[PDB]
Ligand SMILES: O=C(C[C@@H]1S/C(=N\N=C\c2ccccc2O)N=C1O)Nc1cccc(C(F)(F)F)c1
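One chain comes next, on its own, written as structure tokens: the form deposited without the ligand.
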């Protein structure tokens, strides 16, 4: 039964071979394919990629920061609404990063947790993230990412749809990130993690990443690690970095893409 990371390596191989040239916002070149999907099992393993060392400590710390709702870069400097502010205070008007937003906006993340435990069958267990630069740009701007949860047989699955995905830098970091979110939610709802499904719109490789990813393709995945939560934790806000332990992670060396 093949290793999940073979999907990622195959998608990289496909973009290299079949991707078409397409420029991004800033006019920087990519090789691009529209529409991809991959599925990573979260059952007794954790999809932290092994063909390069992925920055797990930063996945953890940034996710914890989003879950706090912070718009204070210094906790990770008044950034405006980023993934925390929209995840915890969606639609509440944003003053400074120090302000007080209790009971203000939709709390998308708590709403997710609450629906899982009031109606696990619900097909609408959805949380969206916006790229901050889109918010001033237009009325009803499109989300950057939408995440859907699904529960069957006491297992929690998650599907992330991203309207674009940077295959070299952003995608491995996001697989780990939404896998960890799924572990965290499953933990507080008394469910077992199931699958993480990653779906992209414009899946792209930046031109300056082709060579480093060409070498990464030569590497054989090792068995994924396990993730342990080392405490019975109750509310999603109560998690801290020290509650998590990655086990049996043995990646190939770091690859710098910029």
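Residues that one form lacks are left out of the comparison. Numbering follows the first chain given and starts at 1. Think of the rigid core as the biggest set of C-alphas that the two forms share within 1.5 Å after superposition.
The same protein has a further form, the form solved in complex with the ligand, not shown here; the description that follows concerns it.
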| item | value |
| --- | --- |
| Shown form pocket vs the ligand in the deposited complex, superposition, backbone/C-beta distance 2.4 Å | open |
| In the deposited complex, segment of 34-42, 186-194, 224-232, 55-63 with a heavy atom within 4.5 Å of the ligand | 55-63 |
| Contact assignment for the ligand in the deposited complex, among 101, 150, 173, 161, heavy atom within 4.5 Å | 173 |
| 4.5 angstroms heavy atom contact with the ligand in the deposited complex for residue 168 | yes |
| Any non-hydrogen atom of residue 84 within 4.5 angstroms of the ligand in the deposited complex | no |
| Close approach of residue 76 to the ligand in the deposited complex, 4.5 Å, heavy atom | yes |
| Residues of stretch 125-157 in contact with the ligand in the deposited complex (4.5 Å, non-hydrogen atom) | none |
| Core superposition between this form and the one not shown, C-alpha change of residue 83 at least 2 Å | yes |
| Residue ranges moving between this form and the one not shown (criterion: at least three consecutive CA positions shifted 2 angstroms or more, core aligned) | 78-85 |
